[PDB]
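My questions will all concern the structure given below.
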Amino acid sequence: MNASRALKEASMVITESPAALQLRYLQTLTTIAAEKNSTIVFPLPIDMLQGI
Amino acid sequence: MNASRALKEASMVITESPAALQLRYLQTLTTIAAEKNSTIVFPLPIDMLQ
Amino acid sequence: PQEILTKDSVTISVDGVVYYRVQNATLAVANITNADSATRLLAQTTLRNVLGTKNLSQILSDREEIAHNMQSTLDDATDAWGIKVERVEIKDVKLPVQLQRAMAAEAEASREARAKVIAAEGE
Amino acid sequence: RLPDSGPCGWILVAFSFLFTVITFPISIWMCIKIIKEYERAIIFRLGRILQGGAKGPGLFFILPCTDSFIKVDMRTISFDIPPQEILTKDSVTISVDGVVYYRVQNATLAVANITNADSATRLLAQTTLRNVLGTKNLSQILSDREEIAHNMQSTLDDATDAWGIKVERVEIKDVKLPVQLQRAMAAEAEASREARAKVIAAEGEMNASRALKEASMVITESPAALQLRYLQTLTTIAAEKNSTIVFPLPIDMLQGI
Amino acid sequence: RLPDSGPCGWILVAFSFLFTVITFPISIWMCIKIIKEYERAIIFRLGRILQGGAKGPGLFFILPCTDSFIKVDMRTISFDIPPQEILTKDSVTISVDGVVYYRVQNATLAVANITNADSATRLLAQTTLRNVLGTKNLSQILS
Ligand code: NA
Ligand code: NA
């Protein structure tokens with residue numbers, strides 16, 4: 001409950017240029033990769049899959 | 001039962017803007033990654049513009 | 001040290017101390033074979049029993065009540081030996097390693113709640 | 001305040017007077033006792049305690065046959081308590097490393113009412129510290145020294161009074177969490193630095209964006225250029241010391257089924 | 001201020017004088033004391049401290065049979081504290097390695113009011129450092 005207001009404020013800015021959320025997504029991946037754990041990553045060419 | 005009221009208040013604020021809940025998801029993932037023996041499988045949808 | 005079970009069935013090991021004195025030298029010699037050994041074993045069993053009637057949270061909060069309970073048991077037993085037990089106290093308490101992080105959940109959660117507010121401000 | 005715990009005497013005393021005088025140049029050294037300003041003496045003669053309080057500083061005479069003599073230091077003493085295992089009110093496992101300061105307040109009780117004043121006092125300090133910290137949350141333990149000290153003092157005074165002891169301080173020199181809890185409990189500090197890092201990272205995205213747009217506008221004029229960039233990325237990744245799995249995928253063969 | 005802690009005198013002192021004079025070529029080296037500017041002495045005569053404050057620099061005479069002599073260095077001392085494990089206000093585990101500087105400012109109290117002044121001081125420094133850093137966030141500790 002205490003954290004919710006700031007997340008709403010952040011969301012209202014981010015949605016005005018929605019690709020910003022993908023930038024946040026990619027920075028999350030960089031943070032996770034640094035931890036001492038196994039990470040498996042799948043680059044996925046969706047327009048190639050859209051063809052079949 | 002005791003926790004439900006606060007979750008409702010948090011939910012009502014979060015759902016007023018669409019990206020907010022997604023930010024909560026990504027922060028959870030960052031919290032998970034610090035625990036031992038936590039494998040994360042991560043898709044990267046990419047467009048080659050054909 | 002002793003191995004103990006609480007009322008809520010938590011396994012804990014405790015490390016006690018006892019204080020006592022002779023108050024009737026005639027009974028201490030002629031009514032019991034070894035007054036010191038008898039007293040020290042009685043202290044252990046009395047501590048074992050009382051803590052089994054308490055939840056772990058009560059053990060941390062109810063020193064005065066626990067002391068009052070033990071004294072009645074000790075006085076009834078030690079009168080015939082010419083002994084007065086003055087205190088039984090606990091020096092250490094330990095959880096098994098497998099239980100330690102699980103039981104600490106409230107403290108972990110409180111710091112995690114403050115972290116979330118900081119992180120949301122970052123976003 | 002006394003502790004809670006004849007004709008033939010003159011014969012023994014006289015025998016002792018005679019014997020010491022008969023042995024004077026040797027035995028007078030045993031008879032003579034000197035007590036310093038900061039010391040006190042408890043003296044028994046034929047088992048009875050000499051009347052009044054503990055004997056003060058100065059020169060004193062005793063007979064080693066009939067008399068027994070105990071000398072008490074009245075100065076403050078400090079002891080380094082062995083480390084302890086403790087549970088907080090919020091059930092956190094911590095180990096603490098204490099120190100206690102204490103002083104003899106009444107020399108008669110310290111001698112004649114307790115078998116070993118030091119060990120009794122040192123054990124009592126440990127159990128009192130164990131109890132008080134069990135009534136506090138971990139955050140309170142770090143913030144509430146004055147309240148914690150006040151709580152302990154009243155407990156200690158009620159017990160040590162009968163022993164003639166005054167405890168002056170109990171303090172902690174180390175506190176440790178077990179290794180499994182250390183990163184979890186540090187969440188608030190870790191989050192603050194990550195929050196500042198995120199702002200720095202977003203400024204980096206903004207600064208780099210213009211050049212990526214310029215690169216994109218050239219690349220899109222012959223879109224197969226992006227596939228060339230894709231293949232050079234794969235070559236870079238394969239050179240790292242990590243596992244790579246590659247799937248050649250004949251899409252026109254899949255298009256047939 | 002003082003610490004919170006006759007015929008037989010004359011006779012015993014007189015005996016000591018005679019003994020030391022009879023042993024004069026041996027006694028010279030034990031009965032005479034010299035105190036530097038940066039030192040003070042605490043002297044007990046038959047268990048009673050000599051009147052006034054601690055004895056200053058100079059030449060002094062001690063009857064070893066009746067008298068006890070303690071000299072105190074008044075200069076600054078530095079000590080390398082062993083490392084400690086600490087928790088910050090934000091609950092970060094850190095280990096710190098400290099140093100303390102101190103000096104005696106009243107030689108009478110240092111001798112007669114505490115059993116071991118140095119050990120008491122060094123332990124007190126450790127606990128004081130432990131407490132204060134527990135009231136500070138890690139960023140405040142650095143700044
Ligand atoms: Na200690
Ligand atoms: Na040091």
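What follows draws every value from the coordinates through simple rules; no lab data is involved. Because the Cβ atoms are built from the backbone with ideal geometry, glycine has one as well, and the counts that use them run over all protein chains shown.
Taking neighbour Cβ counts within 10 Å as the exposure measure, how do C:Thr33, C:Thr73 sort from fewest upward?
Final ranking by Cβ density, sparse to dense: C:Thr33, C:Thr73.
Starting from the 7 Å offset along Cα-to-Cβ, what nm value, one decimal, do you get for the label separation of D:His150 and D:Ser216?
According to this spin-label approximation, the distance is 6.4 nm.
Would you calculate the volume per residue, in Å³, of the smallest convex hull containing every Cα atom of chain D?
Spelled out: Cα convex hull of chain D, divided by residues, is 306 Å³.
At C:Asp79 and D:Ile245, where each label point lies 7 Å from the Cα along Cα→Cβ, what is the point-to-point distance in nanometres?
7.9 nm
Now for a different question. Restrict the search to segment C:1-76; then list the trypsin sites (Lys or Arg not before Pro) that DSSP places in a loop and that have at most 13 other Cβ atoms within 10 Å of their Cβ.
For trypsin sites (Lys or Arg not before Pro) across segment C:1-76 that sit outside H, G, I, E and B with at most 13 neighbouring Cβ atoms in 10 Å, the list reads C:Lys7.
Got the relative contact order for chain C handy, in percent, Cα pairs under 8 Å and 6 or more residues apart?
38 percent
At most 12 other Cβ atoms within 10 Å and a DSSP loop assignment: could you name the chymotrypsin sites (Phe, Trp or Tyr not before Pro) in segment E:25-100 that fit?
E:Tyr38
Continuing with the same structure: By the gyration tensor of its Cα atoms, with a ≥ b ≥ c the square roots of the eigenvalues, what is the shape of chain A: rounded for a/c under 1.5, prolate for a/b over b/c, or oblate?
oblate
A:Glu35 label point, 7 Å along Cα→Cβ, cut-off 19 Å on backbone N: hits in segment B:32-47?
Counting backbone N atoms under 19 Å from the label point, the list is B:32-44.
Still on this structure: Can you pull out the GluC sites (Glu not before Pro) in segment B:1-46 that DSSP calls coil and that have at most 13 other Cβ atoms within 10 Å?
Sparse-neighbourhood loop GluC sites (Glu not before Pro): B:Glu16, B:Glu35.
Just report the Cα centroid separation between segment A:29-52 and segment D:191-257, whole Å.
Answer, in whole Å: 11.
Here is a follow-up. Under 30 Å between alpha carbons, and skipping anything fewer than 8 positions from E:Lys89 in its own chain: which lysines qualify?
Within the straight-line limit of under 30 Å, E:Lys89 reaches these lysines: A:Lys8, A:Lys36, B:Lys36, C:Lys91, C:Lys94, C:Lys116, D:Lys89, D:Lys136, D:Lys173, D:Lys176, D:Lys198, E:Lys136.
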